[PDB]
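# Close look at the chain arrangement
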Amino acid sequence: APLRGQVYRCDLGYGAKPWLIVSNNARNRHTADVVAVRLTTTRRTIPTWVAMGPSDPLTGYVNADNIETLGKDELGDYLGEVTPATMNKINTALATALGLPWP
Amino acid sequence: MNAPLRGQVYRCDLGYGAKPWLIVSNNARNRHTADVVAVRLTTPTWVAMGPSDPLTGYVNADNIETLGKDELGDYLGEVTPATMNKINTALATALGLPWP
Amino acid sequence: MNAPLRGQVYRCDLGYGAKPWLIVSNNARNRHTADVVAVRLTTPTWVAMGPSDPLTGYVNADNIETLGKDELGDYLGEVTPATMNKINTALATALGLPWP
Amino acid sequence: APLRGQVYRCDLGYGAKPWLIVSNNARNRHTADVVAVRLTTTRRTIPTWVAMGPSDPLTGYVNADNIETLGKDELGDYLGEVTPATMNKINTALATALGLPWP
Amino acid sequence: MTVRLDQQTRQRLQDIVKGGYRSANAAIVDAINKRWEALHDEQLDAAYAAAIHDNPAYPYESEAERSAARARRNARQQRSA
Amino acid sequence: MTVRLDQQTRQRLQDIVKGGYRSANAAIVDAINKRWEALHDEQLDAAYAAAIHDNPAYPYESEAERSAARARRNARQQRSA
């Protein structure tokens, strides 16, 4: 069921936080867990972070240095889906975090 | 520690036996942060090590983890740029990134 | 071994006790060759470390030596770019190199 | 008495070879030893090697990756002094060998 | 768009052209792009240093977040074992 | 001397100019020189590989040469002690 772009709340052991799925959709259908990046209210100026926009699920930022694996069963409240413009910026941030080469 | 580099394989014991891990986080992160991001070489669509790579095994780019720099064991060598180019392709497929 | 880099200090025992050495050979040499060129930090012409540098002591650029990579000990850290600029200056004076 | 640019014959334990002095002259006066680079007949295309010319003391190449410390007492047979043109190329090669920064 | 080069810089542009670029234009384009990328990596470096100066557990918000993350990683290594 | 830049490249020239270069000219000059330097370090890297492939004891002509050099170095360390 879960899709790339969707934000879910999840508690990893320090309170329930918003998480953006970045795993591809085939993985998400067949596997028991997904890969996600932390949404946060903290504000840091680093190219691995992206600011949400007005038609995004919430206020704050995506930190792509903080990738986590979350069980489907652990997925809490569905907070919406990011805009494709915001998802494009996130792609960049992710590629940067995982040192994908230039161009 | 001499800061580890993307493409290096280190042997790491996480409580269940020493095993080889391949570093995929960028090198700025690798040099300043206490932690690296890696995928492990185990033993389909996954990525085979090649004959010129420093060890035998297969990489599931779906299973990315974070290893503390304090947990890296023995340095086992760098992987070839050709195999790394396949790892990049699999990381971007695994995480839905564009890699034209 | 993860290839050592110009500017790094390593502890090395050459049979007369462990001492710190600063690598001055270029990083290509350091990648492919079995050996590095270094100067040691001991305790006029010389260069002082360095309150932001990883240890205390003094560099004599007149006494350059070659250490095998298999004789390198513990990684003691990396020297500051400010002190390195003084080491470059002293190496060039020691060896009659034109340095602007 | 030994000066930078001069080539002397010396046996380091594997036969008598030519060695070019590269230590500065102040060091050479006041110290028991000098720093020198190996002259050789072997031929290699690497930036750390320099070829001799017609008014150079001998035929062959300077290898600046092979720096050595030689006692004044060990120095022997004076073979001559390299041309300033050649000393400048060796300067470059040495700087390259000891990773002196750009420019 | 009208670029002026000193003698050794022109001579270097030719060295890099001879090394396998298509033309002078292509090489300068690429040099501009490589330089930009090099400055981008230099700024990513500095940004990680600043984030770590202000928070030594980055990218985790606290040392507790790290612990949790590592315990869950361990649990996953146990289950595959 | 006439140079032609697509828009992302020209936008990048401006990023690096605004970063502390004096003009567009000075930046391109520096990108050319830095590119050359970068290619010179790749070539030096390739040359050391070659020399090592051909002679695994480079910069020593034989393993015996290395031994002699080590023994003399050790003698000098003994003497300082």
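Conventions adopted
- Per the conventions used, each chain is numbered from 1 along its written sequence, independently of whether this matches the entry, and residues without coordinates are not displayed.
- Written order determines the labels here, with chains lettered from A and ligands numbered from 1.
- Calculation of side-chain values draws on the structure's entire complement of heavy atoms; hydrogens and water are dropped beforehand.
- Residues with missing side-chain atoms are left out of burial classes, side-chain pairs and their counts.
- Segments assigned H or I by DSSP are reported as helices when at least four residues long, segments assigned E as strands when at least two residues long, and all are numbered from the N terminus.
- With C-alpha atoms as the basis for the radius of gyration, the globule rule is written as 2.2 Å multiplied by the number of residues raised to the power 0.38.
- In this scheme, a residue with accessible area under 20% of its type's maximum is buried, one over 50% is exposed, and one in between is partly exposed, where area comes from a 1.4 Å probe on protein chains only.
- Any two residues having at least one pair of non-hydrogen atoms within 4.5 Å are treated as being in contact.
- Surface accessibility in these figures is a Shrake-Rupley result with a 1.4 Å probe; residues are shielded only by whichever protein chains are displayed.
- By the counting rule applied here, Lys and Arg register as positive and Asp and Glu as negative, while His and the ends of each chain are not counted.
- For charged residues, the charge sits on one atom: NZ in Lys, CZ in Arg, CG in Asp, CD in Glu.
- Whenever a nitrogen or oxygen atom comes within 3.5 Å of another N or O atom, the pair is scored as a polar contact, on the condition that within protein one atom can donate a hydrogen and the other can accept it, and that pairs from neighbouring residues in sequence are kept only if both atoms are in side chains.
- Here, a strand pair is defined by DSSP locating no fewer than two bridges between the strands.
- Every axis in this analysis is a line fitted to C-alpha atoms, fitted for helices over the stretch in contact. Angles between the N-to-C directions lie between 0 and 180 degrees.
- In the sections that follow, a salt bridge refers to a side-chain nitrogen of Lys or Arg positioned within 4 Å of a carboxyl oxygen of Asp or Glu.
- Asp, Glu, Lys and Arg are counted as charged, while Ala, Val, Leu, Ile, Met, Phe, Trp, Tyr, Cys and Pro are counted as nonpolar; the rest, among them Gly, fall into the polar class.
- Their C-alpha atoms serve as the basis for the least-squares superposition of the copies.
- Each of two parts loses accessible area, computed with a 1.4 Å probe, when they are put together; buried area is these two losses added.

Per the PDB record, this model was obtained through X-ray crystallography at a reported resolution of 2.3000 Å.

## Observations regarding the overall build of chain A
Summing up its helical and strand segments, chain A has two helices and six strands in all. Starting at the N terminus, the α and β elements of chain A follow one another as β-β-α-β-β-β-β-α. Scaling as 2.2 N^0.38, a compact globule of 103 residues should have a C-alpha radius of gyration of about 13 Å, and chain A matches this with 13 Å. For chain A, the C-alpha atoms occupy an extent of roughly 35 × 25 × 25 Å along the three principal directions. Here chain A holds 103 residues, and the buried ones make up 56% of them. Taking contacts inside chain A between residues at least 6 apart in sequence as the whole, the part at least 24 apart equals 54%. Surface summary for chain A: the accessible area is close to 4300 Å², and the carbon and sulfur share equals 53%. Once the 10 positive and 9 negative side-chain charges of chain A are each reduced to a mean point, those two points are 6 Å apart.

## What to know about the side chain of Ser23 of chain D
In this structure, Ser23 of chain D sits in the loop between β2 (16-21) and α1 (25-30). Look at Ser23 of chain D and you get buried, because its relative accessible area is 0%. A distance of 2.5 Å separates the side chain of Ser23 of chain D from the backbone nitrogen of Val35 of chain D, its partner in a polar contact. When residues no more than four places from it in sequence are discounted, the contact partners of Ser23 of chain D are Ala94 and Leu95 of chain C together with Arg4, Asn28, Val34 and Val35 of chain D.

## Things to note about the sheet that holds strand β4 (residues 49-51) of chain D
Strand pairing in a sheet relies on backbone hydrogen bonds. The paired strands run either parallel or antiparallel. All names here are of chain D. In space, the six strands of this open sheet follow the order β4-β5-β3-β2-β1-β6, with antiparallel pairing throughout. Strands with a single pairing partner mark the edges of an open sheet, and in this sheet they are β4 and β6 (78-81). Averaged over all neighbouring strand pairs, the angle between strand axes comes to 45 degrees, with direction disregarded.

## A closer look at the pattern of salt bridges
Considering all chains together, one arrives at 29 salt bridges over all chains under this definition. For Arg70 of chain E, the salt bridge is made with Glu71 of chain B, and the minimal N-O distance between the two is 3.5 Å. Taken together, the positions of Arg70 of chain E in helix α3 (residues 63-80) and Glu71 of chain B in the loop between β5 (58-68) and β6 (75-78) put the pair across two chains. Sharing partners across several salt bridges, the network here consists of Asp70 and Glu71 of chain B together with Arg70 and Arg73 of chain E.

## Structural notes on the interface of chain E and chain F
Contacts between the two partners involve 25 residues from chain E, matched on the other side by 25 residues from chain F. Breaking the side of chain E that touches chain F down by element, the ones donating at least two residues are α1 (7-18) and α2 (24-54) of chain E. Classifying every residue of the side of chain E that touches chain F by side-chain character gives 12 nonpolar, four polar and nine charged.

## As for the relation of the copies chain E and chain F
Placing chain E over chain F gives an RMSD of 0.1 Å and needs a rotation angle of 180 degrees, together with 0.0 Å of translation along the axis. The symmetry that links the two subunits is that of a two-fold axis. Interface overlap between copies: 100% of the residues of chain E at the interface are likewise at the interface in chain F, consistent with a symmetric, same-surface contact.

## Some thoughts on the interface of chain E and chain A
Of the residues lining the interface, 19 residues belong to chain E; the matching set on chain A comes to 24 residues. Each partner contributes to the roughly 1700 Å² buried at the junction of chain E and chain A, and carbon and sulfur atoms together form 51% of this total. Our count for the contact surface shared by chain E and chain A stands at four salt bridges. Broken down by secondary-structure element, the contributors of at least two residues to the side of chain E that touches chain A are α2 and α3 of chain E. Examining the composition of the side of chain E that touches chain A, we find that nine residues originate from one element, α2 of chain E, more than from any other. Of the residues belonging to the side of chain E that touches chain A, the class tally is 10 nonpolar, two polar and seven charged.

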